[PDB]
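One chain is shown next in structure tokens, namely the form deposited in one PDB entry.
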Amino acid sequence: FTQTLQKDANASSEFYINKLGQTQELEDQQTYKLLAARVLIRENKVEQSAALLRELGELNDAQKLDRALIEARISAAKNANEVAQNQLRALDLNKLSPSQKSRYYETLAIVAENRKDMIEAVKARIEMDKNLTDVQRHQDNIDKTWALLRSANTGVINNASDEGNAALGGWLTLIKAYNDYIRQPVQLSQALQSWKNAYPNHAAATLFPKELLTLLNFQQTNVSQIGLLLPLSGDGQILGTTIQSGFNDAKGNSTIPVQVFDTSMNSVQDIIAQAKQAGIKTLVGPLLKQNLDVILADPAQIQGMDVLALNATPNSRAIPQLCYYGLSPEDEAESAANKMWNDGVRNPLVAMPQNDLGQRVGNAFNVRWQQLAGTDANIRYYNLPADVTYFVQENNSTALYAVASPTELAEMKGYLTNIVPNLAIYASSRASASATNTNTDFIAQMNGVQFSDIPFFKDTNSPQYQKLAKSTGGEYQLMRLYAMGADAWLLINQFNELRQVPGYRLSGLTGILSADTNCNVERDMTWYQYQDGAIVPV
């Protein structure tokens, strides 16, 4: 049974540990412990793997050989590169099975990657590939190899020879094509299609890297007419009208015809049917969450159409040719988690209103905080500003993120500074309004607080700002919606890049725009802090 070690381990570590109770044959026990230890690494559990190796008892030669492989991988994971390399070179490569050789070369690749030697890491993964048999493992190594090449600096790539190594030659041409043409994705598509015919026996010609799949058959954005879905009468009229103005101002003299569909006068399902009958293949909108959910209730309704929805809901998911562009507080909370991390905040307090909005935004913050910190944030819900008094204690260290009005946040800062006067406070754009941000007192009172908002608020002297501030009556909320409409024009004209070019970024009035894997539009916010009675960008 010891021969199992020479084969891929396809089960979970749990599965292998269970087999210990089912078996009382002492030699089989060690084998199962080695199998669990091996998998435990790929589950990113180095210490658990190391602990299990210490539980091993008497081992035959084959079991000792496999333990030494795992030990080398653990050393590589711990960045003990010299030790790991010495450990591998102490093994007899000719005694290893193909599966064991694949593990050997992956460890070598990790060592090289630790050392920032990308070409050497790629060469080790090329050797790993020769020994792999399973398709998913083939694909995973292809994707890791591509990621190594993408991280290499262009100088090393452009000067590297293939060394007579056909696999390396194909890889080098592929990354050069990417680096040379990613800015011209139509030309990159042509180069990638050529690459498949130039290296048809290359491993990646059959299993293309996942990051390149949308580029291989890229299609240029070519908008011919747009249907604009907004609430333009009744309730929500101000919202849609303002978004429409930003949209139309950005559109300027474009000859692209835009047909306007007032969602307050007709159901979205009828509107989409109308647009299809009229031959419209491009929609901007709808805005209201419930109207987006109509689309998501039967996504085939928009088959053949590119759609930039102006909201996102808990039901948003990867749907062909559908992208989601909202100004959600959930996404500002994510920007808050990132900022507080990079600010060096640890153990953050998150004060949310006690309502569904609070849960969603608090949950959004915590999800992101777990990613950056590997632990939970302290989310707490309030009904009144006063409630935050009991969120902190005298002997804390810590920092706060709050979603609340400018007045409510003012009151909060008063209650919290009596318990911890040096508390770093963070807030969302809901805390920034014109009346308060121009008052000498509110600005010295809120001195210290920093908040996220759109970059449009950087230049409060320019003409575009002055004109909009006047036309909106100084209401920051409406200025944000105007900017959203302008950015919607930007996005719909870069729709295929947004969908198909990984990492594509746009400078918008509402922030730096990019798209996640569901084509939800992410926004890199501007942060502002009150300083010397003045508001300065950070």
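Rigid core (definition): largest C-alpha set, two forms, superposition within 1.5 Å. We number the residues from 1 along the sequence you see.
The same protein also exists as the form deposited in another entry; that form is not shown, yet it is the one meant from here on.
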{"query": "Residue showing a 2 Å-or-more C-alpha displacement between this form and the one not shown once the rigid core is overlaid, selected from 288, 280, 268, 423", "finding": "423"}
{"query": "Large Cα move at residue 327 between this form and the one not shown, threshold 2 Å, rigid core", "finding": "no"}
{"query": "After fitting the core, residue 348 CA displacement of 2 Å or more between this form and the one not shown", "finding": "yes"}
{"query": "After fitting the core, residue 306 CA displacement of 2 Å or more between this form and the one not shown", "finding": "no"}
